[PDB]
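Report on the structure
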Amino acid sequence: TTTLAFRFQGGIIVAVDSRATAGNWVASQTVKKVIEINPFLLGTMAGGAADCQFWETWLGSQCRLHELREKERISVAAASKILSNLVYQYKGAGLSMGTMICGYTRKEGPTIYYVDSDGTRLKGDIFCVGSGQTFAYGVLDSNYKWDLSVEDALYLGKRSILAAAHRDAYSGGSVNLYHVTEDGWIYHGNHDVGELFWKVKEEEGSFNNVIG
Amino acid sequence: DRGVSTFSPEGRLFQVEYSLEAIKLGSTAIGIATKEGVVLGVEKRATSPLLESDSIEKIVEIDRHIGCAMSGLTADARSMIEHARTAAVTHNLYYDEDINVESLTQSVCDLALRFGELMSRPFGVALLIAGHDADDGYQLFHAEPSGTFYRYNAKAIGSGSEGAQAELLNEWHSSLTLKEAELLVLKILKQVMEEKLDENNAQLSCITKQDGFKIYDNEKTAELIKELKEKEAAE
Amino acid sequence: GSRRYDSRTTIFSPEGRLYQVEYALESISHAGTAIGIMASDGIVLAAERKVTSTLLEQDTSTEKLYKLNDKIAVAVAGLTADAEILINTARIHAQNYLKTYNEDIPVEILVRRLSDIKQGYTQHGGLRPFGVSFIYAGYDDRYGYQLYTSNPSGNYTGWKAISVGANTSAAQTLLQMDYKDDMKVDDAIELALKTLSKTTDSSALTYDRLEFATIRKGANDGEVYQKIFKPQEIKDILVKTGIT
Amino acid sequence: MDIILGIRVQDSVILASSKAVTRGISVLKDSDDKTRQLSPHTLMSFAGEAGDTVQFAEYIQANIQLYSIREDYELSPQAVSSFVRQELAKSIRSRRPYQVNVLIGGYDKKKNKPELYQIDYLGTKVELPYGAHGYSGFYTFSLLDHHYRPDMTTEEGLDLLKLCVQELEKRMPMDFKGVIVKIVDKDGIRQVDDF
Amino acid sequence: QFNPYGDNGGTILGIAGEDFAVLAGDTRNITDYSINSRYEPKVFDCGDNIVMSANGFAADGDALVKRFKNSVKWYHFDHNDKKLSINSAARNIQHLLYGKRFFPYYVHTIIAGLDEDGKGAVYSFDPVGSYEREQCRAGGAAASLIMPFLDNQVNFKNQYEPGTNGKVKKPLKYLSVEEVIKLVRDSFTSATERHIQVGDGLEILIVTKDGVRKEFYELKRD
Amino acid sequence: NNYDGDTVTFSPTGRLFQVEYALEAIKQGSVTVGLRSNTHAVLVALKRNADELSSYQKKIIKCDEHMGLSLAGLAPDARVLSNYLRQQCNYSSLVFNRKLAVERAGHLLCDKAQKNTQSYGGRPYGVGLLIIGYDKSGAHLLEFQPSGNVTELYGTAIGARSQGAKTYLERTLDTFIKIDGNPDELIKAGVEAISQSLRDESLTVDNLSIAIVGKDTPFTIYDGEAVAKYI
Amino acid sequence: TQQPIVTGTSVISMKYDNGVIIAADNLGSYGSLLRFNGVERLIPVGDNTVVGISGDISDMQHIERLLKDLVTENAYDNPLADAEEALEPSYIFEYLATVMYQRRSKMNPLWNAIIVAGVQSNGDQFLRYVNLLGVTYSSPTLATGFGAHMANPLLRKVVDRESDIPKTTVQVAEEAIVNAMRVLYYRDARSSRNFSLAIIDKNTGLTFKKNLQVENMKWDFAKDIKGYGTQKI
Amino acid sequence: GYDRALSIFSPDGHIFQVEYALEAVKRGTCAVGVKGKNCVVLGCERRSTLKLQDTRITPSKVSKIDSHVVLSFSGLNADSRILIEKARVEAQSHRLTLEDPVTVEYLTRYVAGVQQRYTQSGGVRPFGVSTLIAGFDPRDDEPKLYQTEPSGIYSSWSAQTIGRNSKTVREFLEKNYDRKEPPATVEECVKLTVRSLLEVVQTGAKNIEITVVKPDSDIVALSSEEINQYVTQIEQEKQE
Ligand SMILES: *C[C@@](C)(O)[C@](*)(O)[C@H](CC(C)C)NC(=O)[C@H](Cc1ccccc1)NC(=O)[C@H](CC(C)C)NC(=O)[C@H](CCc1ccccc1)NC(=O)CN1CCOCC1
Ligand SMILES: [Mg+2]
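Residues numbered from 1 in each chain as written, not as in the entry; some residues may be left out. Chains lettered and ligands numbered in written order. Part of a larger assembly, values for the part shown. Heavy atoms only, no water.

Looking at the method and resolution fields of the entry, one finds X-ray crystallography and 2.30 Å.

Given below as structure tokens:
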């Protein structure tokens with residue numbers, strides 16, 4: 001899978017691919033790897049499909065219970081730590097999860113937390129997760145600056161997933177884009193790689209390795 | 001002494017009947033159901049003027065589509081609310097949908113008779129559970145410590161209940177608007193309350209399909225109190 | 001069923017008192033007097049034995065003064081068997097703390113733990129409370145010399161001088177009269193024995209009636225020594241102070 | 001987590017801990033602080049298996065902070081190190097042990113002395129003038145055996161630490177992305193922002 | 001050593017139309033190179049206009065269907081005879097499957113029916129309960145043979161408008177029930193030719209607003 | 001008197017007063033009627049309201065496709081016992097692929113109620129039940145009392161003023177037993193029977209509750225305008 | 001987890017127009033040793049059901065006791081125990097299938113393959129299989145072990161599909177079963193000559209046949225077989 | 001285990017064990033809480049029947065739950081320790097999982113929930129304790145003061161008192177405390193707290209304890225001499 005999230009001047013960009021595999025069998029090209037926990041919180045999924053879907057859906061329930069009890073939106077820190085403490089209980093049992101918890105709150109500002117199934121929890125500005133993470137990192141790190149336009153940042157996230165979809169055999173299908181602000185997350189569409197690749201090739205003049 | 005789960009010669013559980021007496025001593029809570037929404041209002045009843053009245057939380061959210069008002073030993077309600085919230089969220093987790101208002105009420109009422117020699121006594125609090133679902137629409141339920149619940153078009157509980165219920169008998173009709181129901185709760189609360197009704201010692205709330213469960217601001221309730229005074233003076 | 005025979009040992013009276021705690025305190029008021037006095041250079045523990053018989057083997061006997069560790073001792077007033085249950089628990093707690101932190105347990109932490117055990121018997125479990133009051137005499141490097149007392153309620157407080165058991169009202173008045181803050185161990189020894197000598201229900205105070213102990217930072221090269229007095233040594237200090 | 005170093009000088013304890021967090025093929029982060037303040041004059045650095053390290057460190061932190069509130073008093077470094085050791089010695093015979101190695105650097109306010117304790121995942125405790133966990137010590141102990149004196153200043157301790165880090169940057173295969181350095185003395189804990 | 005799992009073969013197929021849905025499965029049941037039965041029903045009417053099949057290890061499949069059927073019964077009891085929607089059924093099945101995360105049900109599950117807007121719905125599950133709604137899904141032994149064909153013929157993948165160079169895709173359409181059944185029959189005839197574990201018979205359950213209808217067709221018995 | 005403090009105590013004349021006090025809670029409950037022919041079995045229940053603003057308390061509960069009951073007394077106890085019946089019906093289906101016999105269902109309820117009458121701490125159930133069903137030996141009607149006593153009957157009634165309906169059925173016995181292959185006439189006889197237990201109040205549209213089970217008829221409950229036909 | 005010790009081989013069965021037939025040999029093998037020669041592996045339950053069991057014999061004897069106890073339990077507080085509330089083949093099967101799957105799910109199976117043969121109340125033929133894994137299936141013919149490989153092909157020539165069942169008489173069906181048992185004696189190394197056969201008919205009831213033998217065997221051609229290729233004498 | 005229902009309803013709808021626990025609170029030494037504009041002050045009575053005490057080591061009446069929240073009480077002293085310990089544990093547990101210290105309202109709600117649980121659990125009696133919980137939420141400058149009681153009800157107070165003769169001091173505070181303009185400074189708030197205790201205490205400065213809590217974990221306990229200066233100034237103004 002390839003998933004990424006990064007912080008910049010205008011908030012957070014989150015982009016993921018849509019492929020599910022069973023070994024070399026391509027099980028699906030239409031999976032949703034972003035979960036919308038609330039209007040200010042997003043979760044990304046990489047690893048076991050069931051593990052990710054079940055526990056991130058469960059996380060949504062625990063975040064909802066927090067706001068009923070405390071009359072206040074859960075912090076990104078607290079939400080990420082609920083998931084990391086849960087997987088830590090299951091450590092050694094064989095769960096497979098690589099996730100990013102991305103959101104805005106007034107007290108924290110825009111925040112990204114990496115959480116995985118061996119128990120690691122890390123705050124940071126940039127993360128790429130999954131089988132195709134290295135390919136995304138290659139494009140992302142070279143064109144990254146703090147002060148991209150929202151338009152340029154959305155494109156870079158889209159382009160980094162495209163890069164990984166191309167090179168990584170276990171990533172592909174389509175690109176789902178999100179932008180997180182003060183006012184919440186905004187969906188910026190599903191982009192099929194079968195059309196996007198050729199569009200990007202022509203307009204950008206990239207992918208000169210391919211017969212086009 | 002005597003068993004906690006003992007029947008009286010009339011065929012009633014002593015402890016359940018005695019808990020109903022505790023509920024009569026509690027502050028008044030009123031609920032009115034309409035086709036435009038369900039309104040829930042309470043008497044706050046601060047024991048002293050130094051007590052910051054906004055911290056009196058007798059109206060409570062269970063889910064976005066289900067609200068709750070209480071009367072009696074209000075400390076006992078916290079674990080009931082916690083169960084209701086968990087039951088509502090858990091059902092959404094298992095079934096990807098809102099939980100029915102009746103089913104939620106039934107879950108709360110299953111706790112009630114779990115007492116013996118489990119908890120050591122029944123709950124000393126009654127609840128008005130108000131909500132909306134797609135199947136049966138806008139609903140109001142009265143949940144007792146007996147484990148029984150009744151659906152109501154309108155219902156009062158607490159110290160002024162029998163006086164308030166007789167008034168709700170005359171005033172309620174099937175064509176009531178939401179604005180009309182708000183004023184009607186404020187009217188009946190003002191009638192049964194010891195102290196003079198204002199925005200600081202009484203609280204309104206409602207549940208609509210569009211906006212869900214909302215506790216009203218003190219500024220919003222103040223305007224509805226001013227609107228009530230003028231319309232009563234009008235004839 | 002069994003409900004019929006339950007005394008209900010952990011309930012409030014209408015006045016907001018714990019019946020069994022109050023009645024346990026009444027039991028303790030008949031027990032032999034124990035006095036603790038804290039000085040600048042040490043602590044004294046003095047206590048009166050209850051069972052005067054010429055045939056009691058005194059030199060091997062211990063009803064009042066018990067050692068908890070090298071730094072902390074207790075004087076008992078109440079049921080001796082109840083006290084020994086608590087004493088052994090306190091000895092274990094001290095060694096658990098030493099094992100964990102590699103430092104001797106601070107006096108207050110030991111006192112709080114025992115006092116919490118007593119509290120539990122008043123709030124849950126349906127058992128009778130322990131019919132014991134302790135005077136704790138101890139030293140640590142934070143607060144130095146400390147005197148505490150605990151009673152069956154589980155409440156504890158700190159003291160410069162204190163009495164428990166019989167005639168505490170009379171004893172506490174006499175201590176309040178003659179105690180001063182700049183006082184020393186030798187003076188506190190004399191005060192403890194004089195207070196028992198006046199409050200005692202017996203005709204005269206003798207060596208065979210007393211258990212006596214001191215905790216001094218007057219050991220060789222700045223250490224703390226616990227001295228549990230032998231019968232002959234109690235007899236000598238009675239002659240020295242001028243009581244016999 | 002890779003490199004954690006400690007050095008006890010005249011009037012302070014200095015802890016240096018690497019910034020890299022690496023999972024398999026990728027360096028996920030290059031600014032990771034591998035330490036927790038246990039009390040105002042006691043700092044614990046840590047390294048070992050992913051997840052276990054932070055979970056253990058924060059668990060110890062919570063317990064020492066609980067003790068501090070209850071007694072209104074700061075435990076000595078020796079007492080904190082003995083508590084930590086017992087937790088690890090208990091852990092090693094569990095269903096799933098904590099795979100975490102730690103250094104505890106503290107300033108004892110009673111004795112007016114810096115103290116450095118090295119404890120491994122088995123619960124093996126030693127007090128040392130200088131310490132390291134993992135492959136670091138294979139390079140750094142020989143250096144410190146040559147250059148260390150007990151009466152060194154904090155500035156001399158930092159220079160001696162630069163000489164350790166330079167050697168590790170020259171000879172170790174992994175890029176550990178530099179170190180965060182923290183000093184523990186009579187005035188508390190502070191971070192050296194430029195290293 | 002005792003192996004608690006087995007492989008009973010078989011293949012299943014769900015296709016969603018505009019106002020209908022089908023769930024088809026072959027009726028052959030096998031172990032190794034033996035045929036256990038030529039007609040052992042694998043697709044089941046579970047009530048509330050929902051059809052289900054859990055293909056793979058038949059004992060786990062039967063157990064799961066049995067537990068879901070029971071879940072529908074208790075959903076009626078506990079929520080005033082309310083109709084279990086297909087989306088709600090799917091989430092319930094995820095919890096049934098993930099409940100045995102560390103000793104899984106060795107099956108690939110497909111359910112079919114109508115959503116709350118009356119439109120055709122097919123949901124698909126992995127052994128430990130990850131799920132997704134789709135227009136198309138095949139599961140089981142010959143899934144690898146059938147799915148690419150469905151991508152091509154149901155979702156019109158790799159097909160373009162003639163004369164547009166290759167820039168206008170074939171536009172997506174809902175298929176009629178007659179057209180879907182033709183694709184189902186050809187899928188299973190093709191799978192039977194090339195997969196040894198597929199054959200004997202084809203049983204199709206069709207779900208509309210009017211209810212659940214059945215159709216049966218012979219397949220090759222070799 | 002001195003022997004009614006708990007369920008574990010016999011009185012000097014061999015009586016269990018707590019059980020008898022539980023039996024009293026049934027007599028305070030609203031009336032419900034049960035009757036059957038050879039083909040069908042019918043429950044008819046008079047539902048009770050708190051006041052004019054309130055709903056009418058539901059009296060009939062479905063246990064399986066072929067079995068269900070009506071209640072009189074403490075409704076939460078009917079919920080506990082009906083849930084137990086639902087589970088036992090369900091166990092029979094899942095393990096033995098067998099619809100639970102109505103006679104065996106009665107035996108299970110009896111034994112569940114009994115345990116509460118012999119042990120300390122617990123209390124008897126405060127509710128009476130009329131179980132109807134259609135199984136492999138045809139139509140059945142049972143009466144459950146929380147003493148543990150379960151009885152198979154052609155017809156009966158329980159609750160307040162239930163003696164009136166019970167006498168009518170005792171006269172009508174020879175007529176209504178013969179109503180085979182005619183559900184509407186069997187319900188008519190049940191509605192006419194429950195009418196003998198009414199005083200002051202009469203059968204309105206949201207007051208009446210009817211249920212039926214039979215040969216080619218699943219257990220179904222009729223409320224609201226569905227029972228206007230029979231008023 | 002265990003291993004089977006004393007074992008029984010094939011159980012074979014089929015439906016015919018008015019009922020079902022089931023058969024199994026009387027052997028309990030101890031690996032290659034043909035240890036016990038008088039073991040009954042068809043166990044009747046009432047007058048309408050026969051349970052045929054292969055695999056571990058200790059586990060078979062356990063199952064036999066469960067079924068015996070099931071009859072006792074069904075009679076309790078049941079005035080119609082010998083009539084409308086008698087045990088059915090479908091009830092007996094579902095019970096065993098539940099037990100088998102529960103035991104495999106605890107990683108402690110009953111190491112058997114079971115065929116429940118019978119006739120229901122309404123006259124319908126019942127024939128269904130269950131094994132140590134809890135796997136279940138029904139077919140006009142059913143067989144365990146070697147019988148699956150050798151008996152089913154022969155029995156399927158008589159009843160190839162559902163529509164062939166009314167066309168098959170009891171004489172034809174029994175003949176096919178008896179021939180199949182002979183073929184298994186020729187070819188299964190853990191079989192015996194002696195066997196038991198049970199017919200459950202909707203009209204004539206349960207007929208249980210003991211001490212049957214495989215007969216009309218062909219061995220005469222053996223005299224003409226010499227060497228393994230080139231040997232002439 | 002001992003399962004006996006000690007807290008039960010009586011015919012008039014009262015739970016006597018809960019009401020008798022309030023009587024234990026009535027017996028306890030007086031405690032008072034007053035919140036200013038930028039502070040909260042907790043005043044406590046020390047009964048002077050006990051002299052020859054060691055004031056260094058005797059359990060102080062105000063207890064820190066965390067660095068930013070304090071708890072005082074009236075009632076059984078031994079019972080109060082159990083609530084304080086549980087509250088301290090929960091404060092650290094909240095920091096561990098939420099990565100944020102407790103709000104004053106949250107800590108109050110927890111302590112109150114423990115008190116409630118002991119009114120409907122078998123084999124236990126209610127706590128003979130009412131608490132005043134005071135402090136400042138993290139990164140917040142608005143003062144917080146809450147009260148709990150044996151039943152488990154809790155609420156927020158501009159000012160409040162509990163314990164023996166609390167009726168008298170509540171009377172004083174109801175006329176002297178203005179909501180529109182509270183004690184603007186630390187001095188004004190401490191003075192009003194000492195004044196209110198001087199209505200009941202009937203002795204100089206050894207019987208009064210004061211603890212001032214300010215924003216950002218700034219908690220300090222006043223000494224005897226500092227309090228004695230307030231006592232001197234109040235009575236010199238009173239002589240007029
Ligand atoms: C694409 C990516 C790089 O792998 C990315 O991480 C995605 C992210 C998901 C979609 C959120 N991950 C997957 O696609 C996983 C990869 C993976 C597989 C197995 C274990 C861990 C990770 N894919 C799945 O989880 C897969 C989704 C299905 C195909 C829709 N499910 C399985 O492979 C499934 C369950 C595996 C399993 C079993 C027991 C415990 C835990 C996990 N296995 C099968 O269906 C087995 N087999 C049956 C016959 O057909 C082939 C597959
Ligand atoms: Mg690729």
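The next thing to look at is the nonpolar core. Note on soluble globular proteins: their nonpolar side chains tend to be buried together. In terms of nonpolar packing, the biggest core is built from 49 residues, with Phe68(E), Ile111(E) and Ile22(G) touching the most fellow members. Dropping the residues within four chain positions of it, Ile111(E) is found in contact with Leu23(E), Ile50(E), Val51(E), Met52(E), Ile86(E), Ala89(E), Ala90(E), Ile93(E), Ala121(E), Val122(E), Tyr123(E) and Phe125(E). (Core = buried A, V, L, I, M, F, W, Y, C linked by side-chain atoms within 4.5 Å. Buried < 20%, exposed > 50% of the residue type's maximum accessible area, 1.4 Å probe, protein only. Contact = heavy atoms within 4.5 Å.)

Residue and element names in this part refer to chain D. Counted according to the given criterion, the structure contains 96 salt bridges over all chains. One salt bridge in this structure joins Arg190 and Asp185, with 2.7 Å as the shortest N-O distance. Judged by relative accessible area, which is 41%, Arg190 ranks as partly exposed. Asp185 sits in the buried class, given a relative accessible area of 11%. Here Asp187 ties to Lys186 by a salt bridge, and the two come within 3.5 Å at their closest N and O atoms. Look at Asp187 and you get exposed, because its relative accessible area is 66%. (Salt bridge = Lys/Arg side-chain N within 4 Å of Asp/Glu carboxyl O.)

Quick look at the interface of chain H and chain A now. In this assembly, eight residues from chain H lie in contact with 11 residues from chain A. Among the residues chain H hides against chain A, the three largest losses belong to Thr97(H), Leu98(H) and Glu99(H). Together they make up 59% of the total. Summed over the shared surface of chain H and chain A, the result is three salt bridges. Here chain H and chain A share four residue pairs in polar contact between them. Residue assignment for the side of chain H that touches chain A shows that the elements contributing at least two residues are α2 (77-98) and α3 (104-117) of chain H. (Buried area = accessible area lost by both parts, 1.4 Å probe. Polar contact = N/O pair within 3.5 Å; in protein donor to acceptor, adjacent residues only side chain to side chain. Helix = DSSP H or I, 4+ residues; strand = E, 2+ residues; numbered from the N terminus.)

Turning to the sheet that holds strand β10 (residues 212-215) of chain B, a few remarks are in order. Residue and element names in this part refer to chain B. Spatially, β8-β1-β2-β9-β10 is the arrangement adopted by the five strands of the open sheet, whose pairing is antiparallel. The sheet is open, and its two edges are formed by β8 (154-157) and β10, each paired on a single side. Pairs of neighbouring strands in the sheet enclose a mean axial angle of 10 degrees, with direction left out of account. Of the strand pairs in this sheet, strand β1 (residues 29-33) and strand β2 (residues 38-43) are connected by five bridges, and their pairing is antiparallel. Across the sheet, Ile32 pairs through a bridge with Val39, a residue of β2. Of the strands in this sheet, β1 and β8 are in contact with helix α4 (residues 161-171), which crosses β8 at around 165 degrees. On the sheet, helix α5 (residues 178-192) packs against β1, β2 and β9 (202-208) and is oriented at approximately 20 degrees with respect to β2. (Pairing = 2+ DSSP bridges. Axes fitted to C-alpha atoms, helices over the stretch in contact; angles between N-to-C directions.)

Another point: the pairing of strand β6 (residues 42-45) of chain G. Looking at chain direction, β6(G) and strand β7 (residues 49-56) of chain G are connected through four bridges and run antiparallel. Bridged to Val45(G) within β7(G) is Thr49(G).

On to a nonpolar patch on the surface. A surface patch of nonpolar side chains, about 300 Å² in accessible area, is lined by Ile5(G), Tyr30(G) and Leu33(G). Within the secondary structure, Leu33(G) sits in strand β5 (residues 33-36). (Patch = residues over 30% accessible without salt bridge, like charges linked within 9 Å, V, L, I, M, F, W, Y side chains within 5 Å. Areas by Shrake-Rupley, 256 points an atom, 1.4 Å probe, with all protein chains shown as cover.)

Turning our eyes to something else, we now look at the interface of chain H and chain C. Residue-level contacts link 31 residues of chain H with 41 residues of chain C. Counting the surface lost from both chain H and chain C, the interface buries some 3,100 Å², and carbon and sulfur atoms represent 55% of this. With its nearest N and O atoms 3.3 Å apart, the salt bridge here joins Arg4(H) to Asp6(C). Here the element with the most residues in the side of chain H that touches chain C is helix α1 (residues 16-27) of chain H; it accounts for six residues. Grouping the amino acids of the side of chain H that touches chain C by side-chain chemistry returns 16 nonpolar, six polar and nine charged. (Nonpolar A, V, L, I, M, F, W, Y, C, P; charged D, E, K, R; others polar.)

This part takes up a negative patch on the surface. Taken together, the side chains of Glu15(C), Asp12(H), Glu19(H) and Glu23(H) make up a negatively charged region of the molecular surface. With a relative accessible area of 37%, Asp12(H) lands in the partly exposed category. (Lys, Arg positive; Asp, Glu negative; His and termini not counted. Charge placed at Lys NZ, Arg CZ, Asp CG, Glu CD.)

Turning next to the packing of helix α3 (residues 136-147) of chain D against helix α4 (residues 154-171) of chain D. Residues and elements named next belong to chain D. One can describe the packing of α3 onto α4 by two numbers: an axis separation of 10 Å at closest approach and a directional angle of 145 degrees. When you trace α3 past α4, the crossing you get is right-handed. Taking contact as the criterion, the partners of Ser136, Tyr139, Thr140, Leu143, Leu144 and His147 in α3 are, on α4, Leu160, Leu163, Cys164, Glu167, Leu168 and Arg171. Of the residues assigned to the contact of α3 with α4, the class counts are seven nonpolar, three polar and two charged. (Left-handed = near helix turned anticlockwise from the far one by under 90°.)

All names here are of chain E. Its volume calculated, the largest cavity comes out at about 170 Å³. Lining the largest cavity are 17 residues, with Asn29, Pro41, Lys42, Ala58 and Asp62 positioned closest to its centre. Among the secondary structure elements, those contributing two or more residues to the lining of the largest cavity are β6 (51-56) and α1 (58-78). Element by element, the count of residues in the lining of the largest cavity is highest for α1, at four residues. (1 Å grid on protein atoms, 1.4 Å probe; cavity = no way out; pocket = protein on both sides within 12 Å on 5 of 7 lines; lining within 4 Å. Points joined across faces, edges and corners; volume = space filled by probe spheres on them.)

Residues and elements named next belong to chain B. Taking strand neighbours across the sheet as the criterion, the five strands line up as β3-β4-β5-β6-β7 in an open arrangement whose pairing is antiparallel. Two strands close off the open sheet at either side, each with one partner strand: β3 (59-63) and β7 (149-151). Each adjacent strand pair in this sheet contributes to an overall mean axis angle of 25 degrees, direction not counted. Pairing between β3 and strand β4 (residues 66-72): four bridges, direction antiparallel. Counterpart to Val60 in the pairing with β4 is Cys68. The strands that helix α2 (residues 77-95) touches are β3, β4 and β5 (125-133); relative to β3, the one it contacts most, it runs at about 25 degrees.

In this assembly 15 pairs of chains touch, with chains C and H having more contacts than any other pair. With respect to C-alpha atoms, chain B approaches chain G no nearer than 25 Å, and the pair has no contact. Taking C-alpha atoms only, the smallest gap left between chain D and chain G, which are not in contact, amounts to 23 Å.

Residues and elements named next belong to chain F. Tracing the chain through its elements places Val213 in strand β9 (residues 208-214). In sequence terms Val213 and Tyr134 are 79 residues apart; their C-alpha atoms lie 6.4 Å from each other. When neighbours within four sequence positions are excluded, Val213 is seen to be in contact with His40, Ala41, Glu65, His66, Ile132, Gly133, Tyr134, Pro218 and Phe219.

Let us look at α1(E). Think of an α-helix as 3.6 residues a turn; residues three or four steps apart then line up on the same face. Residue and element names in this part refer to chain E. For α1, which comprises 21 residues, the first-to-last C-alpha distance of 30 Å matches the rise-based estimate of 30 Å (1.5 Å per residue) to within 8%. Across the 21 residues that make up α1, a large majority, 16, are buried. Just beyond α1, the residue with positive phi is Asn80, at close to 60 degrees. (Expected span 1.5 Å × (residues − 1).)

The full set close to ligand 1 counts 20 residues, and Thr1(A), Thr21(A), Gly47(A), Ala49(A) and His108(E) are the nearest of them. Neighbouring residues of ligand 1 are not confined to one chain but are distributed across chains A and E. Within the contact set of ligand 1, an oxygen atom lies 3.0 Å away from a backbone nitrogen or oxygen of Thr21(A). The contact in question runs from a nitrogen atom of ligand 1 to an N or O atom on the backbone of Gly47(A), over 2.7 Å. In isolation ligand 1 has 1,000 Å² of accessible area, and contact with the protein removes 67% of it. When contributions to the shell around ligand 1 are tallied by element, the ones reaching two or more residues are β3 (20-22) and β7 (46-47) of chain A. Taken together, the residues that form the shell around ligand 1 break down as 10 nonpolar, six polar and four charged. (Near = heavy atom within 4 Å.)

Moving on, we get to unusual backbone geometry. Leaving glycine out, the prevailing phi sign among residues is negative, and the prevailing peptide bond configuration is trans. Not every positive phi belongs to a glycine, and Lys177(D) is a case in point at roughly 65 degrees. Within the secondary structure, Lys177(D) is located in the loop between α4 and β11 (179-185). One non-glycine residue with positive phi stands out, namely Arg161(F), at about 60 degrees. By the element assignment, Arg161(F) lies in the loop between β8 (155-158) and α4 (162-176).

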